[PDB]
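Chemist: Can you keep this structure in mind? I'll have questions shortly.
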Amino acid sequence: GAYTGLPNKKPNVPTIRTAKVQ
């Protein structure tokens, strides 16, 4: 669902939340 799955939603614009962190 989510880009990672931690939150788990559905959509995922980004490829990884790690990108936002970086």
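Scheme for the structure tokens: letters A, B, ... for chains in order shown; per-chain residue numbers from 1; ligand numbers from 1 in order shown.
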Could you pull out the residues in chain A that DSSP calls alpha helix (DSSP H) from the backbone, as a short mmCIF file (atom, residue, chain, number, x, y, z; two decimals) with N, CA and C atoms, in the first residue's frame?

Modeler:
data_model
loop_
_atom_site.label_atom_id
_atom_site.label_comp_id
_atom_site.auth_asym_id
_atom_site.auth_seq_id
_atom_site.Cartn_x
_atom_site.Cartn_y
_atom_site.Cartn_z
N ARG A 17 10.14 6.53 1.83
CA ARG A 17 10.10 7.61 2.79
C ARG A 17 11.52 8.04 3.18
N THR A 18 12.46 7.13 2.93
CA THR A 18 13.85 7.40 3.25
C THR A 18 14.38 8.57 2.42
N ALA A 19 13.72 8.79 1.29
CA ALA A 19 14.11 9.88 0.40
C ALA A 19 13.80 11.22 1.07
N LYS A 20 12.63 11.28 1.68
CA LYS A 20 12.20 12.49 2.36
C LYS A 20 13.13 12.76 3.55
N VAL A 21 13.55 11.68 4.19
CA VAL A 21 14.43 11.78 5.34
C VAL A 21 15.81 12.27 4.87
#

Chemist: For residue 15 of chain A, list every protein, DNA or RNA residue within 12 Å, evaluated using only C-alpha atoms, and leave out those in the same chain fewer than 6 positions away; present the list as a list in words.

Modeler: residues 1, 2, 3, 4 and 5 of chain A

Chemist: Please save N, CA, C and O atoms of the selected residues as a short mmCIF file (atom, residue, chain, number, x, y, z; two decimals), in the first residue's frame.

Modeler:
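Full text of out.cif as output:
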data_model
loop_
_atom_site.label_atom_id
_atom_site.label_comp_id
_atom_site.auth_asym_id
_atom_site.auth_seq_id
_atom_site.Cartn_x
_atom_site.Cartn_y
_atom_site.Cartn_z
N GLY A 1 0.82 -1.20 0.00
CA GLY A 1 0.00 0.00 0.00
C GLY A 1 0.87 1.26 0.00
O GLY A 1 1.02 1.91 -1.03
N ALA A 2 1.41 1.57 1.17
CA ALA A 2 2.26 2.74 1.32
C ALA A 2 3.59 2.49 0.61
O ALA A 2 3.87 1.37 0.17
N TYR A 3 4.39 3.54 0.54
CA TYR A 3 5.69 3.45 -0.11
C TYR A 3 6.59 2.44 0.61
O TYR A 3 7.45 1.81 -0.01
N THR A 4 6.36 2.31 1.91
CA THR A 4 7.13 1.39 2.72
C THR A 4 6.24 0.26 3.25
O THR A 4 6.54 -0.92 3.04
N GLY A 5 5.17 0.66 3.91
CA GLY A 5 4.23 -0.30 4.46
C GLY A 5 4.04 -0.08 5.97
O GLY A 5 3.11 -0.62 6.57
#
